[PDB]
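Participant:
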Amino acid sequence: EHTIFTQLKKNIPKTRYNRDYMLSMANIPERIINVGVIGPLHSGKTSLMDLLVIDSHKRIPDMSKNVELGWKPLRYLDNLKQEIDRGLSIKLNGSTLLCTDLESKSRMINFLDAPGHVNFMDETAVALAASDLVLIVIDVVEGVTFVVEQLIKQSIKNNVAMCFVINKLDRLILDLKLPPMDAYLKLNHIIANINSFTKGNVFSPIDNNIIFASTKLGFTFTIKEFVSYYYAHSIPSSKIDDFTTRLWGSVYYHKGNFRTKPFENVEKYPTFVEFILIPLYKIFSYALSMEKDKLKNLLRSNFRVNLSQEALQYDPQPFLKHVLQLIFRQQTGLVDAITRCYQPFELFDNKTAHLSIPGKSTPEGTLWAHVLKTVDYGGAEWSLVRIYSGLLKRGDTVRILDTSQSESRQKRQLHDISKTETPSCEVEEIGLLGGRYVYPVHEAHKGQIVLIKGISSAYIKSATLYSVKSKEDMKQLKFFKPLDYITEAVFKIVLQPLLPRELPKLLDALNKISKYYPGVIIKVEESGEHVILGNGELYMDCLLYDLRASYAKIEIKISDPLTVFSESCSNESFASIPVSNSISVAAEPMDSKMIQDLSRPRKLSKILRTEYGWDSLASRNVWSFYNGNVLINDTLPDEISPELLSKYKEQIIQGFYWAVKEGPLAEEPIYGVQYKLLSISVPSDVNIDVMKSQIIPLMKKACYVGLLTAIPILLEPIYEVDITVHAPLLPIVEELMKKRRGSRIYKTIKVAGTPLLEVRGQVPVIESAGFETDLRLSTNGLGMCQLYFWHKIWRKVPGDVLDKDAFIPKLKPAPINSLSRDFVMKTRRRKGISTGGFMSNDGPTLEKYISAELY
Amino acid sequence: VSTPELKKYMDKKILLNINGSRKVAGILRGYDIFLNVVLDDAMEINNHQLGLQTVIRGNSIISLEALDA
Amino acid sequence: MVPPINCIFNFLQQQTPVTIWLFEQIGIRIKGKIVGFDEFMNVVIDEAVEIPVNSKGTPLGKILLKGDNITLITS
Amino acid sequence: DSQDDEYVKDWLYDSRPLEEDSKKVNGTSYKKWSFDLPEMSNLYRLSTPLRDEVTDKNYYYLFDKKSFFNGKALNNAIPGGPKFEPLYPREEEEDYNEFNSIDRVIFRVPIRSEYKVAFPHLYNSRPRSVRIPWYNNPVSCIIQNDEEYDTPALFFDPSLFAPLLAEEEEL
Amino acid sequence: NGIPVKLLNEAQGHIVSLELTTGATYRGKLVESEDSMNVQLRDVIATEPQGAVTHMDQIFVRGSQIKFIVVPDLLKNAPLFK
RNA sequence: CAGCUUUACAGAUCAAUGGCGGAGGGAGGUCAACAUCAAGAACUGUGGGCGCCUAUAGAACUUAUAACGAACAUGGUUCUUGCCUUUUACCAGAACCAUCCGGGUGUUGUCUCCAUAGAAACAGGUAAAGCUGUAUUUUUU
Ligand SMILES: Nc1nc2c(ncn2[C@@H]2O[C@H](COP(=O)(O)OP(=O)(O)OP(=O)(O)O)[C@@H](O)[C@H]2O)c(=O)[nH]1
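Which chain is which? The protein sequence lines are C, g, e, A and d, in order. Those letters in the first sequence? Residues 102 to 518, 530 to 693, 707 to 725, 744 to 998, per PDB author numbering, in order. Those letters in the second sequence? Residues 2 to 46, 53 to 76, per PDB author numbering, in order. Those letters in the third sequence? Residues 10 to 64, 73 to 92, per PDB author numbering, in order. Those letters in the fourth sequence? Residues 269 to 428, 458 to 468, per PDB author numbering, in order. Just so we're aligned, residue 4 is where the fifth sequence starts under PDB author numbering, counting upward by one.
1) Can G756/C and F221/C be called in contact, C-beta distance under 9 Å?
2) Looking at chain e, which residues of the region 55-76 of chain g have a Cβ within less than 9 Å of any of its Cβ atoms?
3) Which residues of chain g have a Cβ atom closer than 8 Å to the Cβ of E37/d, listed in chain order?
4) What does the Cβ neighbour count give for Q410/C, buried or exposed, with the cut at 16 atoms within 10 Å?
5) Under 8 Å from any heavy atom of ligand 1, does the C-beta of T246/C make it?
6) For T50/d, verify whether its CB is less than 8 Å away from any heavy atom of ligand 1.
7) For my contact list, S748/C and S822/C are in at a C-beta cut-off of 8 Å; report their separation, rounded to the angstrom.
8) Check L492/C in the structure and name its three-state DSSP category.
9) Taking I63/g and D41/g to be in contact with their CB atoms under 8 Å, please state how far apart those CB atoms are, rounded to whole angstroms.
10) Quick one: is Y32/g near chain e, going by C-beta distance under 9 Å?
11) Distance cutoff 9 Å, beta carbons only. Does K24/g sit that close to anything in chain d?
12) Cβ of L400/C versus every heavy atom of ligand 1: is any distance shorter than 8 Å?
13) Run the CB neighbour count on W301/A, radius 10 Å, all protein chains shown included, and call it buried at 16 or more, exposed below.
14) Quick check on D38/d: does DSSP put it in helix, strand or coil?
15) Kindly list the residues whose CB is nearer than 6 Å to the CB of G479/C, restricted to its own chain and excluding five residues on each side of it in sequence; keep chain order.
16) Shorter than 8 Å, the distance from the beta carbon of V238/C to the closest heavy atom of ligand 1, or not?
17) Alpha helix (DSSP H) containing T753/C: first to last residue?
18) Count the other CB atoms within 10 Å of the CB of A421/A; is the residue buried (16 or more) or exposed (fewer)?
19) In this structure, what does DSSP give as the bridge partners for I708/C?
20) Could you please give me the residues that DSSP links to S20/d through a beta bridge?
21) Any heavy atom of ligand 1 closer than 8 Å to the beta-carbon of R272/C?
22) Check the C-beta distance from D156/C over to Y177/C and give it rounded, since I have them as a contact under 8 Å.
23) List, from N- to C-terminal side, the alpha helix (DSSP H) runs of 4 residues or more that fit wholly inside the region 114-138 of chain C.
24) Using the C-alpha atoms, what's the distance from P380/C back to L462/A?
25) Cα-Cα, which of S270/A, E467/A, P460/A, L468/A is closest to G357/C?
26) Which residues in the same chain have their Cβ closer than 8 Å to the Cβ of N451/C, if we skip the five residues on either side of it in sequence?
27) Is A228/C close to ligand 1? I mean its beta-carbon at under 8 Å from any heavy atom of the ligand.
28) Looking at the unbroken beta strand (DSSP E) that takes in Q61/d, where does it start and where does it end?
29) Going by C-alpha distance, which of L389/C, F677/C, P855/C is nearest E713/C?
30) For the region 406-423 of chain C, enumerate the residues whose C-beta is nearer than 9 Å to any C-beta of chain A, in chain order.
31) What does DSSP give as the partner residues of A481/C in its beta bridges?
32) Taking only the alpha-carbon atoms, compute the straight-line gap between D271/C and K317/C and give it to the nearest angstrom.
33) Can you determine whether any heavy atom of ligand 1 sits closer than 8 Å to the C-beta of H423/C, and answer yes or no?
34) Listing by chain order, which chain g residues have their CB less than 9 Å from the CB of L23/d?
35) Please name the residue or residues paired with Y32/g in a DSSP beta bridge.
36) Sorted by chain position, which residues of the same chain lie with C-beta nearer than 8 Å to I29/e's C-beta, five sequence neighbours on each side aside?
Here it is, written out as structure tokens:
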């Protein structure tokens, strides 16, 4: 019992603060900030986390000499071979640390290091879900890209407190070599952009929200922090807050001990530029350039930090790094800023409501905890669980739900408004994060995040867990929803294993992948063709590696990568036709705005409809949409108001659900439709169940018919396409874009203070296929593209489906109109609907398609 | 230097335990960095109200225990 | 929010029946009309009246009661 | 000239070479060398004619040794890169199955060789002994040979008690 | 700045005990503390100087009138002092 | 401008106790001989020196990765190309051993420059070096 624990403790890096204290703190909530460090690709959030880790610990095991010197990063939370070999932090491989503040109020923080790269929004999403605060991190230079804006938007929704980290100041000092004034201007611009992206809150260096950082060198400061270190000496305590306030913005300070008049005389350089940025610049120059002795003297005088004898014999980048670490101390400022940001706990309730419906909690009688993500921290599986309320002890006998079954549960509860516990679990070991170890603990508590070893057998992906002791408690309980994995998947990898003897193994691995990588729809289709919707290419590759090395360990084939296509109409329907073995339906494509709204109480609904698409009152009355796909169902005949046969809709819509799930043409889901009932020819003899069953087929058929009528189409998706190219290489990029079929430049934005042209675009996900690689080869190591699908924007595959003339070449890519059909046919073939090397598509029923639509 | 965080107690009735083993009641209307209290009036603890609104000095306050949760 | 200074100012503007309590002195109270204002709680209060508390009235002129020994105000 | 390369010209061209008798080396055994900045800078400048290696790590996208290895062990190439014997036996015999038919897949992307090494595990099926390549960030830089220093040259322009070093320095 | 103040701040969350000038001990979760020991506490019992005890919800106390504060013995360990 | 330690000291008594060790050099050299080599060193063992350093040796796990060496040539067996046929000699790719060419680390010696006490402090004084420092509601008017 104890011996094992001791052993575990031993196999671990000894922390500078006592872990006992941290544990004690964790027993109390409000002393636990859960922080998602998040940002764009290569923000240097992982690096930042590394710095924090370093600060925490005395000596790390695999911290090499080079890394110590400050050459390579030691991305302490990169962990698994995949990530260190690849360059990208890939999974949410976080850490827990006590951190003192300016005014040393310790607080046990549960950092979770997101992945930047856009095809891992899954992990980012998870982090967001977990973490009540989020350190957004930004490259100075790359600026507030669209990705960052998106993140901000989808952190307001969650919701969360948004500290920012303007990371990579070194880049503007040394790479861009901006003057100090210019740098300041750039920073201001960035701040403005951030504010714009935000709705409610204003962010600035004052009020502790911006955290200026350069993790390469490894300094973070906030302005308050700076003041504490280096401007208590020279000012009386009472006027320190005021000074801090002055520091940011359009403010100047002339020779006057101690005023500080806003504006102004002769030589400019503002307060921020004079008292911060300029100082930093000087430090940099001196660190690199100056006679070392003089620098040392300066640092004795102006900072009271001593360049050691061993440190003096360093090389520049290392020396500079050392200097900056000496200056701005083990990063307390950041922690302070974080603390300031997190309200706290006004937000928290709201966040929890968002996660799992509004209501009221129950502290003593039960515990509940969001099982957020399965992981593979210490080889074996754990569930990264956040305990929201109660305290979850080791060995405890526990309830659970995969949030596939959450909505259903809620519905059941509502209906209710015996004691059946559907699954269960025995909590083997509970631990903390992180990076390169799992500190084990007997008790998990309300507030804090943990890894839990007993959980995994029951759940897949999102999950809740609970431990009630009543009926009342059960009633009170709610269930976290599945996490809006902001990106969504779009990218098919169709698997065969090479030796189909070893399909079981693959299946086992596949389940693991599903669990472990949570942004992956694994469809196992009827033919034997397994299918994997990745977010994108890199993510997919990573997943493959994980499967094809660790979890499966088998030789495994792969297809040229495809998409999902979804069904939609262009024009409206024309003639309803009820089928027998008796109901008829017809669909119009809904307004684009409405669709967009959907992508992002009856009277209320009606009002909303009116606001959106100018729907009448009758239309409002009729509505009943479904699936979050989306398609919209409308009960809009005449007799329906008299009829109670059209009433009992709850039964009727089952067919609709099915239809939406798998459309006619693709056998692949419908999208962007307003379905409308026209007639429901129900006979006199009921047999209610039988009737219901009939409806369940018939409705689908009706829907299909409607789709056919309305001039249907496959909808391909479009990747929104960030490209951060070098200015004079934009023509090349344009050419590249032109070269392929779907491709469009929606704007070319100038990233201020850089040579970068942030050119947002759109590209369809079958046209994507390695596009990043193409971009990077062509552009000669410039223009780090990204592709992503935050929006859920689809488009017309350009042409008319249902044409046997179609195309010429089997082997080649087909022309655009032709392609409109070709994809559909191929999809059908894949599904196993058409039978043969050559075939066609047509819709029954009936009467020979009404005599070929009356010729 | 810092403001007394009594924004939770704003517009709620409070038992102001005051100097010399005395008491005051009343709904909280305002305060400052010295912990003076401005409150819409109530009784001195059987019982008898004086005033429409009242102001208690900072020094005088032992405690301000919340009557409402 | 209505700060204490603001309240005091308002009272001054009004000229209303103010009843002051003494710090660490139960038995006595003051009753008058606020005339002055200071950075501290100190004020001048013309037409004041000393009161023995109910466990009547007593004669008293114009007075400034010092801010340190104030307790209650009402106006 | 005495102006530009002042710190080297007295020693640069000598047997050992020089900087041989000083604090700037271990000694005559000549195993460990140390330098100040200006001399180093001068040396670098002198070199530039010879060793202009463009060290934007991204420049070498698919020209890193790992990438080359991958290419080798995929029997794949890059117009500029090298080519080898195929490292495993080239034994395809696909047999156009239910999966990977002509009428099942959609040949929309050309799927060039370039891609196959850049994403070893996706585009290439059966990647035996293929190392995971990098994926880095983009470079913003300015390298010049002019008189003035620390200015915006070719960027895009934005929209709109002494502080602790105050004339100790000019920046 | 005062290290006792820091300690008090740290003790936030924890169940502190707290006597005043009057001699009226309290014991409760420390909600908030300031530089001047202006303590707030939750779920707090209140002993009279004579003997009798009274439960109460969210007490505020002004540090001026506070005498001494007992903090839990865990805070002895870390991480304020060094 | 106050205090404490740390050196130079004056002349102490002189304990006293500390510290200083009862004294053993610091450099380098295309000087050697000897081991031991990715750094790791976790965790254990067993030493000195106090829930912990410093040495050792033992595997674990690390990633090696890019670089004991920002270096790269050559052998051999086997397997596979290919010259082809045969000998060398090779083409061009694998696997496992080996070969040089270089490399550090400490152990020691030896050879040329730089050094240099045989003790010092207590009680404070002198000189310098290092850290801590204004009453009107919450601390001490
Ligand atoms: N010049 C400069 N380079 C930096 C700075 N911070 C990080 N980098 C470098 O740019 C890269 C970014 O750091 P990473 O830690 O890899 O970024 P990350 O947070 O892991 O990004 P994800 O893997 O997407 O989360 C690394 O190669 C760093 O060495 C900086 O402040 N200045």
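Think of the CB as a built atom: it goes at the ideal place given N, C-alpha and C, for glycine as much as any other residue.
Facilitator: Straight from the coordinates:
1) no
2) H55, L57, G58, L59, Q60, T61, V62, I63, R64, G65, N66, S67
3) Chain g residues near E37/d: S3, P5, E6.
4) exposed
5) no
6) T50/d: no, Cβ never under 8 Å from ligand 1.
7) Rounded to the nearest angstrom, the Cβ distance from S748/C to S822/C is 24 Å, too far for a contact under 8 Å.
8) strand
9) Actually they are not in contact, since the Cβ atoms of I63/g and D41/g sit about 12 Å apart, beyond 8 Å.
10) Look at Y32/g: its C-beta is under 9 Å from a C-beta on chain e.
11) no
12) no
13) Looking at its Cβ environment, which holds fewer than 16 other Cβ atoms inside 10 Å, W301/A is exposed.
14) For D38/d, the secondary structure class from DSSP, reduced to helix, strand or coil, is coil.
15) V550
16) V238/C: yes, Cβ under 8 Å from ligand 1.
17) Unbroken alpha helix (DSSP H) run through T753/C: 745-756.
18) Counting of Cβ neighbours within 10 angstroms places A421/A among the exposed residues, the total staying below 16.
19) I823/C
20) Per DSSP, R30/d, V73/d.
21) yes
22) Going by Cβ atoms, the distance from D156/C to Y177/C rounds to 11 Å, so no, they are not a contact pair.
23) 120-127
24) 6 Å
25) Nearest of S270/A, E467/A, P460/A, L468/A to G357/C, Cα basis: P460/A.
26) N260
27) For ligand 1, not one heavy atom lies less than 8 Å from the Cβ of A228/C.
28) 56-64
29) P855/C
30) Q414, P417
31) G479/C
32) 8 Å
33) no
34) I69, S70
35) For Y32/g, which the question treats as bridged, DSSP gives the partners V38/g.
36) Non-local C-beta neighbours of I29/e in its own chain, meaning closer than 8 Å and more than five positions away in sequence, comprise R38, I39, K40, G41, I54, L82, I87, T88, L89, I90, ordered along the chain.
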